[PDB]
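Letter by letter, the sequence shown follows residues -4 to 61, 65 to 218 in PDB author numbering. Notes follow the structure.
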Amino acid sequence: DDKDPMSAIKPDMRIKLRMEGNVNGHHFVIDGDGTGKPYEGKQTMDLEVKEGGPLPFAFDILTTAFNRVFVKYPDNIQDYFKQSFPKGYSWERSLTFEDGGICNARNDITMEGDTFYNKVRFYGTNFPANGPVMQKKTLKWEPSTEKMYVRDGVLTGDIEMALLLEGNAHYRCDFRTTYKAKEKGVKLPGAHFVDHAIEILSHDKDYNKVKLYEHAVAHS
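This is how it looks when you write it as C-alpha coordinates:
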(Lines of atoms letter the chains of each structure in order from A and count residues from 1; the text may use other names and numbers.)
(Lines give C-alpha, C1' and ligand atoms only; values in the text may rest on other atoms or scores of the structure.)
Protein backbone atom coordinates (compact mmCIF):
# COMPACT_ATOMS: atom_id res chain seq x y z
CA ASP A 1 0.00 0.00 0.00
CA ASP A 2 2.88 2.35 0.85
CA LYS A 3 5.41 0.72 -1.49
CA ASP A 4 6.69 2.37 -4.64
CA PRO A 5 5.01 0.20 -7.32
CA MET A 6 8.03 0.85 -9.57
CA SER A 7 10.74 0.27 -6.95
CA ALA A 8 12.28 -2.34 -9.27
CA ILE A 9 10.57 -2.10 -12.68
CA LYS A 10 11.00 1.46 -13.96
CA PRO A 11 8.79 2.77 -16.81
CA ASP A 12 11.86 3.03 -19.08
CA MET A 13 14.34 0.16 -18.92
CA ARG A 14 17.41 -0.93 -20.84
CA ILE A 15 18.11 -4.44 -22.10
CA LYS A 16 21.42 -6.25 -22.59
CA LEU A 17 21.61 -9.73 -24.05
CA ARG A 18 23.96 -12.41 -25.29
CA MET A 19 22.74 -15.53 -27.06
CA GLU A 20 24.91 -18.55 -27.80
CA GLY A 21 23.80 -21.64 -29.63
CA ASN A 22 23.73 -23.68 -32.75
CA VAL A 23 21.14 -24.73 -35.30
CA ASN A 24 21.77 -27.89 -37.35
CA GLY A 25 25.44 -27.72 -36.35
CA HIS A 26 25.92 -24.03 -37.25
CA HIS A 27 27.25 -22.16 -34.22
CA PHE A 28 26.72 -18.49 -33.44
CA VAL A 29 26.99 -15.76 -30.83
CA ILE A 30 24.56 -12.82 -30.99
CA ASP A 31 24.50 -9.66 -28.87
CA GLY A 32 21.48 -7.50 -28.14
CA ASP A 33 21.18 -3.91 -26.93
CA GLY A 34 17.69 -2.59 -26.38
CA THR A 35 15.18 -0.50 -24.49
CA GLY A 36 11.60 -1.02 -23.43
CA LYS A 37 8.56 0.24 -21.58
CA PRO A 38 7.45 -2.61 -19.29
CA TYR A 39 4.06 -1.13 -18.39
CA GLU A 40 3.23 -0.51 -22.06
CA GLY A 41 4.39 -3.98 -23.16
CA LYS A 42 6.76 -2.54 -25.78
CA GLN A 43 10.44 -3.22 -26.39
CA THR A 44 12.98 -2.67 -29.16
CA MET A 45 16.37 -4.35 -29.52
CA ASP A 46 19.33 -3.96 -31.84
CA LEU A 47 20.89 -7.36 -32.50
CA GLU A 48 24.33 -8.05 -33.95
CA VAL A 49 25.71 -11.44 -34.93
CA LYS A 50 29.19 -11.62 -33.40
CA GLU A 51 30.29 -15.14 -34.45
CA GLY A 52 29.08 -17.51 -37.14
CA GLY A 53 27.61 -15.03 -39.63
CA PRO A 54 26.18 -14.94 -42.14
CA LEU A 55 23.68 -17.26 -40.45
CA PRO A 56 22.78 -20.12 -42.84
CA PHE A 57 19.21 -20.32 -41.52
CA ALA A 58 16.17 -18.11 -41.04
CA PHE A 59 16.85 -15.44 -38.41
CA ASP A 60 13.12 -15.48 -37.57
CA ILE A 61 13.37 -18.75 -35.63
CA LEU A 62 15.58 -16.96 -33.08
CA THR A 63 13.57 -13.83 -32.45
CA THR A 64 11.22 -14.91 -29.68
CA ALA A 65 14.31 -15.90 -27.69
CA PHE A 66 15.40 -12.24 -27.86
CA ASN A 67 11.09 -11.40 -21.56
CA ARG A 68 7.48 -11.40 -20.42
CA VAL A 69 8.19 -8.40 -18.19
CA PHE A 70 7.39 -6.46 -21.38
CA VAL A 71 3.63 -7.06 -21.29
CA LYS A 72 0.88 -4.55 -20.52
CA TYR A 73 -0.88 -6.28 -17.59
CA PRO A 74 -4.26 -4.95 -16.42
CA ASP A 75 -4.75 -4.35 -12.72
CA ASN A 76 -7.08 -7.38 -12.47
CA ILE A 77 -4.44 -9.96 -13.54
CA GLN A 78 -1.48 -10.97 -11.38
CA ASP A 79 1.78 -9.94 -13.07
CA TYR A 80 4.10 -12.83 -12.20
CA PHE A 81 6.97 -11.36 -14.21
CA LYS A 82 7.13 -7.86 -12.77
CA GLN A 83 6.63 -9.49 -9.35
CA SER A 84 9.77 -11.60 -9.99
CA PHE A 85 12.07 -8.58 -9.70
CA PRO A 86 14.55 -7.28 -8.57
CA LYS A 87 15.81 -10.90 -8.29
CA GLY A 88 14.64 -12.12 -11.70
CA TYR A 89 13.41 -15.31 -13.31
CA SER A 90 14.23 -17.83 -16.03
CA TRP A 91 12.32 -19.60 -18.76
CA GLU A 92 12.71 -22.79 -20.77
CA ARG A 93 11.05 -23.18 -24.17
CA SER A 94 10.40 -26.00 -26.61
CA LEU A 95 9.81 -25.07 -30.25
CA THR A 96 8.29 -27.98 -32.19
CA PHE A 97 7.96 -27.28 -35.91
CA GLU A 98 5.58 -29.06 -38.25
CA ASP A 99 8.34 -30.72 -40.32
CA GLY A 100 10.33 -32.22 -37.44
CA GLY A 101 12.59 -29.27 -36.72
CA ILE A 102 12.95 -28.92 -32.96
CA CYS A 103 14.47 -26.14 -30.87
CA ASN A 104 15.12 -25.70 -27.18
CA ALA A 105 15.75 -22.20 -25.85
CA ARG A 106 16.30 -20.77 -22.41
CA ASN A 107 16.86 -17.34 -20.89
CA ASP A 108 18.15 -16.41 -17.46
CA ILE A 109 16.93 -12.87 -16.72
CA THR A 110 18.52 -10.71 -14.04
CA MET A 111 18.23 -7.00 -13.33
CA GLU A 112 21.03 -4.62 -12.35
CA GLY A 113 19.83 -1.06 -11.88
CA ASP A 114 17.83 0.02 -14.91
CA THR A 115 18.99 -2.88 -17.10
CA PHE A 116 17.65 -6.39 -17.68
CA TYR A 117 20.46 -8.82 -18.47
CA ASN A 118 19.65 -11.89 -20.55
CA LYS A 119 21.74 -15.07 -20.74
CA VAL A 120 20.19 -16.88 -23.71
CA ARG A 121 20.87 -20.32 -25.19
CA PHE A 122 19.29 -21.62 -28.39
CA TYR A 123 19.73 -25.13 -29.84
CA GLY A 124 17.95 -26.33 -32.96
CA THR A 125 18.21 -29.60 -34.83
CA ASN A 126 16.41 -31.90 -37.30
CA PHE A 127 15.58 -29.06 -39.69
CA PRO A 128 15.30 -30.52 -43.21
CA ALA A 129 18.00 -29.16 -45.48
CA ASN A 130 15.33 -28.32 -48.09
CA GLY A 131 12.92 -26.78 -45.56
CA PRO A 132 12.06 -23.11 -45.15
CA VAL A 133 14.30 -22.60 -42.10
CA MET A 134 17.58 -23.70 -43.69
CA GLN A 135 16.56 -22.19 -47.06
CA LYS A 136 15.69 -18.80 -45.47
CA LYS A 137 12.17 -18.62 -46.89
CA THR A 138 10.48 -17.10 -43.81
CA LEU A 139 8.90 -13.64 -43.77
CA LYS A 140 7.58 -13.08 -40.21
CA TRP A 141 5.90 -14.63 -37.21
CA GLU A 142 2.18 -14.04 -37.23
CA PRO A 143 0.72 -12.21 -34.22
CA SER A 144 -0.12 -14.80 -31.59
CA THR A 145 -1.95 -15.51 -28.35
CA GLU A 146 -0.12 -17.26 -25.52
CA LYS A 147 -2.20 -19.25 -23.04
CA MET A 148 -0.81 -18.65 -19.54
CA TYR A 149 -1.76 -21.23 -16.92
CA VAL A 150 -0.33 -23.24 -14.04
CA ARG A 151 0.72 -26.70 -15.23
CA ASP A 152 1.85 -29.14 -12.51
CA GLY A 153 2.62 -26.19 -10.26
CA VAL A 154 4.70 -24.23 -12.81
CA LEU A 155 3.58 -21.18 -14.78
CA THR A 156 3.35 -22.34 -18.39
CA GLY A 157 2.67 -20.60 -21.68
CA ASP A 158 1.39 -22.53 -24.71
CA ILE A 159 1.28 -20.98 -28.19
CA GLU A 160 0.31 -22.24 -31.62
CA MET A 161 2.73 -20.14 -33.69
CA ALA A 162 3.11 -19.76 -37.44
CA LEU A 163 5.81 -18.35 -39.68
CA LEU A 164 4.58 -16.75 -42.87
CA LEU A 165 6.67 -18.01 -45.79
CA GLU A 166 7.33 -16.90 -49.31
CA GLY A 167 4.63 -18.14 -51.66
CA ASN A 168 1.44 -17.69 -49.59
CA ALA A 169 2.26 -20.50 -47.16
CA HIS A 170 2.63 -20.85 -43.40
CA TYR A 171 4.98 -23.01 -41.35
CA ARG A 172 3.56 -23.98 -37.98
CA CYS A 173 5.33 -24.24 -34.62
CA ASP A 174 4.10 -25.20 -31.15
CA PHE A 175 5.62 -23.29 -28.22
CA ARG A 176 5.63 -24.47 -24.64
CA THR A 177 7.43 -22.20 -22.17
CA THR A 178 7.84 -22.68 -18.43
CA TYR A 179 8.52 -19.58 -16.32
CA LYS A 180 10.18 -19.76 -12.90
CA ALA A 181 10.73 -16.84 -10.54
CA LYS A 182 14.07 -16.94 -8.74
CA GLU A 183 12.35 -16.09 -5.48
CA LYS A 184 10.50 -19.30 -4.77
CA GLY A 185 7.60 -17.57 -2.98
CA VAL A 186 6.18 -15.53 -5.89
CA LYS A 187 2.43 -15.97 -6.19
CA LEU A 188 1.27 -17.79 -9.31
CA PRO A 189 -1.26 -15.98 -11.51
CA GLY A 190 -4.67 -17.15 -12.55
CA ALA A 191 -5.08 -18.43 -16.08
CA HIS A 192 -4.97 -15.69 -18.70
CA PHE A 193 -3.73 -14.84 -22.19
CA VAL A 194 -0.94 -12.69 -23.62
CA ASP A 195 -1.33 -11.34 -27.14
CA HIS A 196 2.04 -10.96 -28.90
CA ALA A 197 3.18 -9.23 -32.06
CA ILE A 198 6.91 -9.53 -32.83
CA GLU A 199 8.47 -8.03 -35.95
CA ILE A 200 11.81 -7.23 -37.53
CA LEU A 201 11.76 -3.48 -38.19
CA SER A 202 14.96 -3.50 -40.26
CA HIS A 203 17.94 -5.70 -41.04
CA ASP A 204 21.12 -5.91 -43.07
CA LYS A 205 20.95 -8.07 -46.19
CA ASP A 206 22.62 -10.99 -44.39
CA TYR A 207 20.88 -10.32 -41.03
CA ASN A 208 24.20 -9.54 -39.33
CA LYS A 209 22.31 -6.57 -37.84
CA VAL A 210 18.62 -6.74 -36.92
CA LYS A 211 16.29 -4.27 -35.22
CA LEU A 212 13.53 -6.17 -33.41
CA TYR A 213 10.24 -4.98 -31.89
CA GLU A 214 7.57 -6.64 -29.75
CA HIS A 215 4.22 -5.45 -28.40
CA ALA A 216 2.40 -7.62 -25.86
CA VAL A 217 -0.80 -7.23 -23.83
CA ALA A 218 -2.35 -9.53 -21.22
CA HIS A 219 -6.10 -10.12 -21.02
CA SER A 220 -8.69 -12.66 -19.90
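The beta-carbon is built from N, C-alpha and C at its ideal position, and this holds for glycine as well.
With distances taken Cα to Cα, identify the nearest neighbour of residue i among the options.
i	options	result
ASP172	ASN102, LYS182 and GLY188	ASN102
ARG174	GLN76, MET1, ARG104 and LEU93	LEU93
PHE52	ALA179, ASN17, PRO33 and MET40	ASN17
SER88	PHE95, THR108 and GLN81	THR108
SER200	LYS138, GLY151 and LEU153	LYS138
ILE56	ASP73, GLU197 and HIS213	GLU197
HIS22	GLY48, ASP(-3) and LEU12	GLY48
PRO6	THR58, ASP(-4), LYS80 and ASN74	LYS80
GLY155	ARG13, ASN74 and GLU90	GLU90
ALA160	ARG13, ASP150, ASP(-3) and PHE95	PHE95
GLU212	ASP150, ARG13, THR58 and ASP(-4)	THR58
So residue i and residue j are in contact, right, with Cβ under 8 Å, and what is the actual spacing, rounded?
i	j	result
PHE191	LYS135	With a Cβ gap of about 30 Å, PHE191 and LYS135 do not count as contacting.
residue 255	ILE10	Beyond the ends of the chain as shown, which are -4 and 218, falls residue 255; an answer cannot be given.
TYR169	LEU50	The Cβ separation is near 17 Å, so there is no contact.
residue 255	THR113	It is not possible to answer for residue 255, since the shown part of the chain is limited to -4 through 218.
Cβ of residue i within 8 Å of Cβ of residue j?
i	j	result
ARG119	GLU15	yes
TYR34	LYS85	no
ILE100	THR123	yes
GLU43	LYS207	yes
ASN116	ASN166	no
residue 250	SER82	Coverage of the chain is limited to positions -4 through 218, which leaves residue 250 absent and any answer about it impossible.
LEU153	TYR177	yes
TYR78	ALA3	no
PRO187	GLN38	no
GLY31	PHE68	yes
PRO72	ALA216	yes
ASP97	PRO141	no
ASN105	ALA60	yes
Near residue i, which residues of its chain fall below 8 Å by C-beta distance, leaving aside the five closest residues on each side in sequence?
i	result
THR143	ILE157, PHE191, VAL192, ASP193 and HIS194
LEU163	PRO130, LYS135, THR136, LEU137 and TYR169
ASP202	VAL208
Starting from the C-beta of residue i, find all residues in its chain whose C-beta is less than 6 Å away, skip the five residues before and the five after it, and write them out in chain order.
i	result
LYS209	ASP41, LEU199 and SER200
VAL24	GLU15, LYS45 and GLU46
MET132	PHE52 and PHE125
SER218	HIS190
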